[PDB]
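Only one chain is included here, represented as structure tokens and corresponding to the form deposited in one PDB entry.
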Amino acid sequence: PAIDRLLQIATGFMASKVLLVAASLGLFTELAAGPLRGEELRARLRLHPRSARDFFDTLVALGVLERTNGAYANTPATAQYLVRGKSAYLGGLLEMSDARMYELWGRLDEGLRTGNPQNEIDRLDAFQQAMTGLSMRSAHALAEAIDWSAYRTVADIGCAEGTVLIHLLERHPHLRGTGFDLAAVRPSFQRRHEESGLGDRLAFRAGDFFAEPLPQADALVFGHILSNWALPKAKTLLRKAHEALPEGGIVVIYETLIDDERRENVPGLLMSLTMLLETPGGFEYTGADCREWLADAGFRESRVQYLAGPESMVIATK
């Protein structure tokens, strides 16, 4: 029935919490060495004997854990994506949802009634690990979705620790890259930079993009940037991208974009409510919204293109 599906959505916070706590405990990382029986897994996770077995079996029943002859083990998906240290690890997103977003979303009604965020308005490394997991599939797709051989240089605006840019340059040996972010991010960028071995091919530029021009490059990337800010400041960033680009250069913007008709992309619409809860004036937008802003900024051509999972990009040519 339609009502059974409706109630399953309504009570989805229970199974969500089961998986979020398992991620917070690093349960899947503890199983990366091999299968463990319930008593051993409980001891490693420091869980109480009352409900540990129920907890593990719930994960099995949800399809996010294997159990064979009394030993729990990762599924192919949890092995690939929820084991810490692996390149495709996105568990940082679940750890952040468990530590912060679950309780923040508990304040949705107040956000809806006031229109004001419901948050405070390590730590940095927690935010960066959540962002890496959010942008993980999109960063790989970004390296394949555009013919990068046509550009010499790329500047990632709001680059954080530089994961997207580093993968782009590793994937395309000809590229030179510049990451742009606040000065407090430089150490995290410098660490990833040194670990990549990319050397002189990659550089960091410290600054505030609401007070300083952007680095000049053949391509400029905006990953999960514009959705954080009220529309006039996003329009300011699009103008600065135009000024930083040469003729034929491109601006690339990717988000969990809402469908143009605003009736299908659930992660995008949910993201817009996260922006409500987290920011004074951010919101999630549609590809059509962005193409209007880009034409207004002076770009001559633009298209919307699917990326990965719920995320999409808008590309414009100066």
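Rigid core here is just the name for the largest C-alpha set that superposes within 1.5 Å across the two forms. Sequential numbering from 1, following the sequence displayed.
Going by the record, give me the number of deposited-sequence residues missing between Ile121 and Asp122 as none, 1 to 3, 4 to 9, or 10 or more.
The entry leaves 10 or more residues without coordinates here.
Mean CA B-factor: is it higher for 309-317 or for 4-12?
Averaged over C-alpha atoms, the B-factors run higher in 309-317.
As stated in the PDB record, which stretch has the larger average Cα B-factor, 254-262 or 46-54?
In the deposited entry, the stretch with the higher C-alpha B-factor mean is 254-262.
Member of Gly91, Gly223, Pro187, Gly179 with the greatest C-alpha B factor (per the PDB record):
Top of the list by C-alpha B-factor: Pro187.
Taking the Cα B-factors listed in the entry, which of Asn74, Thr132, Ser149, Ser97 comes out highest?
Highest C-alpha B-factor among the listed options: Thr132.
Please rank the C-alpha B-factors of the chain's modelled residues and tell me whether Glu243 sits in the lowest, middle or highest third.
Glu243: CA B-factor falls in the highest third of its chain.
Chain third (lowest, middle, highest) by recorded CA B-factor, residue given as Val154:
Middle third, going by the recorded CA B-factors of the chain.
When the modelled residues of the chain are sorted by Cα temperature factor, does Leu276 land in the lowest, middle or highest third?
Ranked within chain, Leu276 CA B lands in the middle tercile.
Sorting the chain's CA B-factors, does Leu198 end up in the lowest, middle or highest third?
Middle third, going by the recorded CA B-factors of the chain.
Can you work out whether the C-alpha temperature factor of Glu212 puts it in the lowest, middle or highest third of the chain?
Highest third - that is where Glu212 ends up once the chain's C-alpha B-factors are sorted.
FYI, the form deposited in another entry isn't displayed, but the following is about it.
Rigid-core-referenced C-alpha movement of 2 Å or more between this form and the one not shown, selected from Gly177, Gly162, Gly91, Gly223
Only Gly91 moves by 2 Å or more at its C-alpha.
So that I can tell if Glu278 moves, could you say whether its C-alpha shifts by at least 2 Å between this form and the one not shown after the core superposition?
No: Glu278 shifts by under 2 Å between this form and the one not shown.
Superpose the two forms on their rigid core, then report whether the C-alpha of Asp289 is displaced by 2 angstroms or more between this form and the one not shown.
After core superposition, the displacement of the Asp289 C-alpha between this form and the one not shown stays below 2 Å, so no.
Determine, after fitting the two forms on their core, whether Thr29 shows a C-alpha shift of 2 Å or more between this form and the one not shown.
Yes.
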